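Have a look at the structure below, then the notes.
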Amino acid sequence: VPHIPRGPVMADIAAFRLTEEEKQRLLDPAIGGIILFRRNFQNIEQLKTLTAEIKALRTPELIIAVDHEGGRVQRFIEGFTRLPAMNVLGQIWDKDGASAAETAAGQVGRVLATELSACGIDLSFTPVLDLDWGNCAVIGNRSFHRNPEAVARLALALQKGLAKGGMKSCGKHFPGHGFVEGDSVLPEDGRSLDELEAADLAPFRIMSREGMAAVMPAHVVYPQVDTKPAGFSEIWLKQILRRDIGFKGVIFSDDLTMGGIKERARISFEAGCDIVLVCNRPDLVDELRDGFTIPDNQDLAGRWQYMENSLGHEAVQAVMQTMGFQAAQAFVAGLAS
Amino acid sequence: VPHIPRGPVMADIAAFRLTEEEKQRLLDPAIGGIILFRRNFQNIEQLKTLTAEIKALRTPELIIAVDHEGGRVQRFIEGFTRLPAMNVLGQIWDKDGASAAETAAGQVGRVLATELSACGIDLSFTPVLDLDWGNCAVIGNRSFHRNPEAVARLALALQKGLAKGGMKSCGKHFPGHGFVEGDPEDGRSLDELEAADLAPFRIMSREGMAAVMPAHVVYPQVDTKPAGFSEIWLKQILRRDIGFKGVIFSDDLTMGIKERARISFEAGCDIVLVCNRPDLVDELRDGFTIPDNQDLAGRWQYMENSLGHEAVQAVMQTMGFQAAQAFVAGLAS
Ligand SMILES: [Zn+2]
Ligand SMILES: [Zn+2]
Ligand SMILES: [Zn+2]
Ligand SMILES: [Zn+2]
Numbered sequence: 003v004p005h006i007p008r009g010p011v012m013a014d015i016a017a018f019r020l021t022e023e024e025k026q027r028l029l030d031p032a033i034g035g036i037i038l039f040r041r042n043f044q045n046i047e048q049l050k051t052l053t054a055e056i057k058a059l060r061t062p063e064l065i066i067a068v069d070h071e072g073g074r075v076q077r078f079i080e081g082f083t084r085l086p087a088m089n090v091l092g093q094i095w096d097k098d099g100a101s102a103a104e105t106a107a108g109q110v111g112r113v114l115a116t117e118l119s120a121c122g123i124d125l126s127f128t129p130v131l132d133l134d135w136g137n138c139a140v141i142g143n144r145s146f147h148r149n150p151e152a153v154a155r156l157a158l159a160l161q162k163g164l165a166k167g168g169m170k171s172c173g174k175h176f177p178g179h180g181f182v183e184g185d186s189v190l191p192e193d194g195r196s197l198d199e200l201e202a203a204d205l206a207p208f209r210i211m212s213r214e215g216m217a218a219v220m221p222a223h224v225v226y227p228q229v230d231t232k233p234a235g236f237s238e239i240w241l242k243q244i245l246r247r248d249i250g251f252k253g254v255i256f257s258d259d260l261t262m269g270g271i272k273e274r275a276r277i278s279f280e281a282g283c284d285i286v287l288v289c290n291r292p293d294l295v296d297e298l299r300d301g302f303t304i305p306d307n308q309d310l311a312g313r314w315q316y317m318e319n320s321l322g323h324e325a326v327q328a329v330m331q332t333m334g335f336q337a338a339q340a341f342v343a344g345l346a347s
Numbered sequence: 003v004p005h006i007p008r009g010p011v012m013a014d015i016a017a018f019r020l021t022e023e024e025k026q027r028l029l030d031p032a033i034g035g036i037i038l039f040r041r042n043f044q045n046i047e048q049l050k051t052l053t054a055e056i057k058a059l060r061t062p063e064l065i066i067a068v069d070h071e072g073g074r075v076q077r078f079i080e081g082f083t084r085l086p087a088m089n090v091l092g093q094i095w096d097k098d099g100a101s102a103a104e105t106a107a108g109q110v111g112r113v114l115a116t117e118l119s120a121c122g123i124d125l126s127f128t129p130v131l132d133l134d135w136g137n138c139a140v141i142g143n144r145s146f147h148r149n150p151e152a153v154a155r156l157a158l159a160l161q162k163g164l165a166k167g168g169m170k171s172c173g174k175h176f177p178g179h180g181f182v183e184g185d191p192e193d194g195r196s197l198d199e200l201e202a203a204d205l206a207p208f209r210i211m212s213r214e215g216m217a218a219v220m221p222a223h224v225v226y227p228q229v230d231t232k233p234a235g236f237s238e239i240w241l242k243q244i245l246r247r248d249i250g251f252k253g254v255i256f257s258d259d260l261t262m270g271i272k273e274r275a276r277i278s279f280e281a282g283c284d285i286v287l288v289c290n291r292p293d294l295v296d297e298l299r300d301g302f303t304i305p306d307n308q309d310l311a312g313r314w315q316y317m318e319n320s321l322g323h324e325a326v327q328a329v330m331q332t333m334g335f336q337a338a339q340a341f342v343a344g345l346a347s
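These protein sequences, in sequence, are chains B and A. If you use the entry's author numbering, the first sequence corresponds to residues 3 to 186, 189 to 262, 269 to 347, in order. If you use the entry's author numbering, the second sequence corresponds to residues 3 to 185, 191 to 262, 270 to 347, in order.
Written out as structure tokens, the structure reads:
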């Protein structure tokens, strides 16, 4: 079982089980982790088998992630508790007050993460910290609330729940996707940095302070700060996110599928990304990995490691048998109806 | 004032008033219409001035469109009635029953179209006929309902309202954007789409829907080309099988351009949209051959607003319209 450091590329796979070609690809030093999609999911039993065999290829084990937010962003459905859209928690905040909503967000996080950890998943790419300005359809119900104070506190409560199911969090989309319109393309947020500090960046600050492991940048240009999109901007990622905010976690790149690949990757690392995502294009991963120079980043190993699931298979299966977890499942299922 | 047929390209503009360069571009025979966005809107007074000067360049007048659906897809805010997201009407259907929800959809259509016609706009790109399978975030609240029967009936009621404000409708996104994840491939069979997602498109086409926008989605069991570039979807299924006689607008071709345009026309689109990239419109239009389409002129004409300058301003003064505005405003709060 080869001992290889986790590389700075997050790739993906085609269907329900690894091909021999995928096995060889995932052994390349360039690769440190995998993102799964709905096309990789048939049922719980099959997913466990898939994650186990990904994990087995090398050490430290490849990090496995998925987009389980809730509502209309939940890759794995059959055998999982159906998760409410995050705005449902924003609505509880409005109706029953902040305390009830925090408690509810805690439960949602616990159920979401715990069911994924049972299947060998390390991390869910959640929460959305984007504010509901009432402008962006693609975000839409995925946002907790309009108010940055509610988004922050519900995001923290969700994160505590996620940690009870073994997972860290990944905030998105830095520095804020909520103000642009998004219903079709690369959109423009025309506001000043001061305006974003007052609202959209506040949850990112708060979450970073409280141990958020990772961040995904917005596919959005903010011309008052930089004409480069956030994912390709030294200003956003190094000046603002690292130095000013103090964030020590992973910065994922923008999806590099959109020079060529290699050039797109180099620009992302230069802008300050730790890891680059390359999805639905194993040909580009092949092109990228051949003769690839792993850029100098002594912080990469620890950043990957921080996202490893803290819970073992058996401890999570055991806690899923308890009355307390079953009650959490029923509660969370009820918020999704 | 040049007499030029409306070409098969729908282009756009940069800001609040036409530049001299945009005037020259919009005079090119390739262009037949304009889509406006939020960046083109400051207030009602300025919009009227903008549409008037677009209209004045040539005859027949360039068709002007906009994405006013409701909720988080509503380009023009200040001075307009704020429109509810379409799922709000789906929720009324569930709570208060189909009849209340149809009545509500009627009012929303009327207010949406009427306020846009007052500003010189011809068409809103609505309704979304995509089903709420709970899969697609980009559609999200923009969909009426999960059930194809409710989507169809609310889309019909909305369409009747739109016609009272002078507008035809444009159903989207054919053959159905609701099942894919959207935050892309729909892996289902044609039989599965006939059973649900295509039903509203059939119903709406049967009841006189004038236009359709195809999905930026590949359905590999029917064709590995996306719906917008598929002879199978647009000619075999939409024209011959369904019997649709209206406009097929392309999806946004901004992703060379000439080749992308040719494929869309060959696949069966009437008109191609090219947005946020006036450089690509320039590239496209230079030495452009307007493809053979004897139905194009009449298809454009059918989308012209049916109400005049005076007629719409007059109906906006009536008690009945004011009541409609208040009702619709209330659904959006
Ligand atoms: Zn669309
Ligand atoms: Zn985006
Ligand atoms: Zn995203
Ligand atoms: Zn789409």
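Note that CB positions come from ideal geometry on N, CA and C, so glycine has one too.
Please report how far the alpha carbon of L59(B) lies from the alpha carbon of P177(A), in whole angstroms. 42 Å
Is any beta-carbon of chain B found at less than 8 Å from that of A107(A)? no
Which stretch, first to last residue, makes up the alpha helix (DSSP H) that contains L38(B)? That residue, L38(B), is in no alpha helix (DSSP H); its beta strand (DSSP E) goes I33 to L38.
I'd like to check one pair, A13(B) with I36(B): are the Cβ atoms closer than 8 Å? Against a cut-off of 8 Å, the Cβ pair of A13(B) and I36(B) comes out as a contact.
Let me know if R112(B) comes out buried or exposed under the rule of 16 or more other beta-carbons within 10 Å of its beta-carbon. buried
Considering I249(B), what are the terminal residues of the alpha helix (DSSP H) in which it resides? From DSSP, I249(B) is part of no alpha helix (DSSP H); its letter is neither H nor E.
Assuming the contact rule is C-beta atoms closer than 8 Å, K174(A) and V219(A) should be a hit. Round their C-beta distance to whole Å, please. 7 Å
What separation, rounded to the nearest whole angstrom, lies between the Cα atoms of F146(A) and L158(A)? 12 Å
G142(A): which of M169(A), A120(A) and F181(A) sits nearest, CA to CA? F181(A)
Looking at ligand 4, does it come within less than 7 Å of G34(A), judged from the CB to the closest heavy atom? no
Closer than 9 Å, Cβ to any Cβ of chain A: which residues of the region 149-176 of chain B, in chain order? none
Taking the alpha-carbon of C121(B) as reference, which of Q327(B), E104(B) and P227(B) has the nearest alpha-carbon? Closest option to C121(B), Cα to Cα, is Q327(B).
Kindly indicate which residue of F208(B), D30(B) and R299(B) has the alpha-carbon position closest to the one of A154(B). Closest by alpha carbon: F208(B).
Would you check if there are 3 or more beta carbon pairs closer than 8 Å linking the region 115-132 of chain B to the region 306-325 of chain B? yes
Among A32(A), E104(A) and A346(A), whose alpha-carbon lies nearest the alpha-carbon of residue 410(A)? Limits of chain A in this structure are 3 at one end and 347 at the other, which puts residue 410(A) out of reach.
Counting only beta-carbon atoms, is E199(B) nearer than 8 Å to chain A? no
Compare the Cα-Cα distances from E192(A) to each of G108(A), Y226(A) and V11(A) and report the closest residue. Looking only at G108(A), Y226(A) and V11(A), the smallest Cα-Cα distance to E192(A) is reached by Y226(A).
Could you list the residues in the region 110-144 of chain B with a C-beta less than 8 Å from some C-beta on chain A, going in chain order? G136, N137, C138, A139, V140, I141, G142, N143 and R144
Proximal residues of chain B, C-beta to C-beta of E80(A) below 9 Å: Per Cβ cutoff of 9 Å: no residues; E80(A) is ~14 Å from chain B at best.
For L190(B), count neighbouring Cβ atoms within 10 angstroms of its own Cβ and tell me buried if that reaches 16, exposed if not. exposed
Checking contacts by CB at 8 Å: is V288(A) closer than that to chain B? no
Against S186(B), what residues of chain A qualify as contacts under a CB-to-CB distance less than 7 Å, listed in chain order? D259
If you reduce the DSSP assignment to three classes, tell me which class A222(A) lands in. coil
Any C-beta of chain B sitting closer than 8 Å to the C-beta of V75(A)? At a cut-off of 8 Å between beta-carbon atoms, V75(A) makes contact with chain B.
For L38(A), which residues from the same chain have a beta carbon less than 6 Å from its beta carbon, with the 5 sequence-adjacent residues on both sides left out? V68
Can you list, in chain order, the stretches of the alpha helix (DSSP H) that have 4 or more residues and sit fully within the region 3-74 of chain B? Whole alpha helix (DSSP H) segments, 4+ residues: 22-28 and 46-58.
Decide if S257(A) is buried, meaning its Cβ has at least 16 other Cβ atoms within 10 Å, or exposed. buried
Using the Cα positions of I56(B) and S196(B), report the straight-line distance between them to the nearest angstrom. The alpha-carbon separation between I56(B) and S196(B) amounts to approximately 44 Å.
Do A139(A) and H179(A) have their CB atoms nearer than 8 Å? No, they are not a contact pair.
Under a Cβ-count criterion, where at least 16 other Cβ atoms within 10 Å of its own Cβ denotes burial, should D306(A) be classed as buried or exposed? exposed
Skipping 5 residues on each side, what residues in its chain have a beta carbon closer than 6 Å to that of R40(A)? Closer than 6 Å at Cβ, skipping near neighbours: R77.
Does the Cβ-Cβ distance between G270(A) and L156(A) come in under 8 Å? no
Three-state secondary structure (DSSP) at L287(B)? strand
In three-state terms, what does DSSP make of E214(A)? coil
In this structure, does DSSP put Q228(A) in helix, strand or coil? coil
Reference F127(A), options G163(A), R246(A) and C172(A), closest by Cα: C172(A)
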